[PDB]
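Engineer: Before I ask anything, here is the structure I am working with.
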Amino acid sequence: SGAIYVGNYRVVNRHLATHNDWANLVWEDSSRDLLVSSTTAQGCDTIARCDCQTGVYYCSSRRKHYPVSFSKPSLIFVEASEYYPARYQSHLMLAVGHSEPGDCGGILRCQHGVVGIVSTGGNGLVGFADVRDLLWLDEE
Ligand SMILES: Cc1cccc(N(CC(=O)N2CCCCC2)C(=O)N2CCC[C@H](C(N)=O)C2)c1
Ligand SMILES: [Zn+2]
């Protein structure tokens with residue numbers, strides 16, 4: 001679990017969204033595994049606006065933050081799951097790292113701010129849903 005809190009927005013994995021998230025929906029995209037809802041309080045996270053390919057992510061199954069090198073956002077095949085059918089998940093970045101299906105939501109960050117959140121994993125890989133192209137998170 002985990003979310004990004006920027007301005008009056010809460011960014012979570014679409015497959016982990018609550019009823020309150022759906023009742024206060026701003027935007028969602030199943031192909032990216034992202035959902036954004038509105039908040040009453042203002043958040044403290046800042047979004048990175050860069051093309052960094054190195055950063056650090058939080059892994060809840062180890063209570064640790066790990067430095068990683070990660071690929072550029074791409075269309076990668078995600079196996080059928082209990083959340084989605086076999087499909088191409090878009091805007092996904094891969095790295096070598098530990099992940100379990102409770103690690104989703106952990107933040108990946110660089111020197112510029114938040115880059116994305118854990119969305120996929122297994123066999124010593126971890127995938128992150130990028131948010132750096134969602135310029136609207138910085139306003140309104
Ligand atoms: C973070 C992480 C670590 C390990 C595994 C996963 N799994 C696979 C998985 O949940 N399982 C159950 C256990 C072993 C078999 C497959 C994923 O990549 N998922 C699940 C959640 C939705 C993801 C998506 N964004 O499409 C795909 C995730
Ligand atoms: Zn950066």
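FYI, residue positions are counted from 1 along the chain as it appears here.
Heads up, the Cβ atoms here are built off N, Cα and C, so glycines get one too.
So Swiss-Prot has the following annotated:
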ACT_SITE  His15  active site, for protease 2A activity
ACT_SITE  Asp33  active site, for protease 2A activity
ACT_SITE  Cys104  active site, for protease 2A activity
BINDING   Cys50, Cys52, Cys110, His112  Zn(2+) 1 binding site
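Tell me about the surroundings of these features in the structure.
Structural biologist: Reduced to three states, the DSSP call for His15 (active site, for protease 2A activity) is helix.
According to DSSP, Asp33 (active site, for protease 2A activity) is assigned to coil rather than to any helix or strand. With a cut-off of 8 Å between CB atoms and residues at least 6 apart in sequence, the same chain places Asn13, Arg14, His15, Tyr83, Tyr84, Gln89, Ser119, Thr120, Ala129 near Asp33 (active site, for protease 2A activity), listed in sequence order.
Of all Cβ atoms in the protein chains displayed, 24 besides its own lie within 10 Å of the Cβ of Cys104 (active site, for protease 2A activity).
All protein chains shown were included, and the count of other CB atoms within 10 Å of the CB of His112 (Zn(2+) 1 binding site) stands at 15.
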Engineer: Hey, how far is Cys104 (active site, for protease 2A activity) from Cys52 (Zn(2+) 1 binding site), Cα to Cα, in Å?
Structural biologist: 21
Engineer: Near the Zn(2+) 1 site, what residues other than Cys50, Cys52, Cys110, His112 in the same chain have a C-beta no further than 8 Å from the centroid of the listed C-beta atoms?
Structural biologist: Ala48, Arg49, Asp51, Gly55, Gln111, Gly113, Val115, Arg132
Engineer: Quick check on the binding-site residues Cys50, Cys110: which one has the highest count of other Cβ atoms within 10 Å of its Cβ?
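Structural biologist: Its Cβ has the most other Cβ atoms within 10 Å: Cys110.
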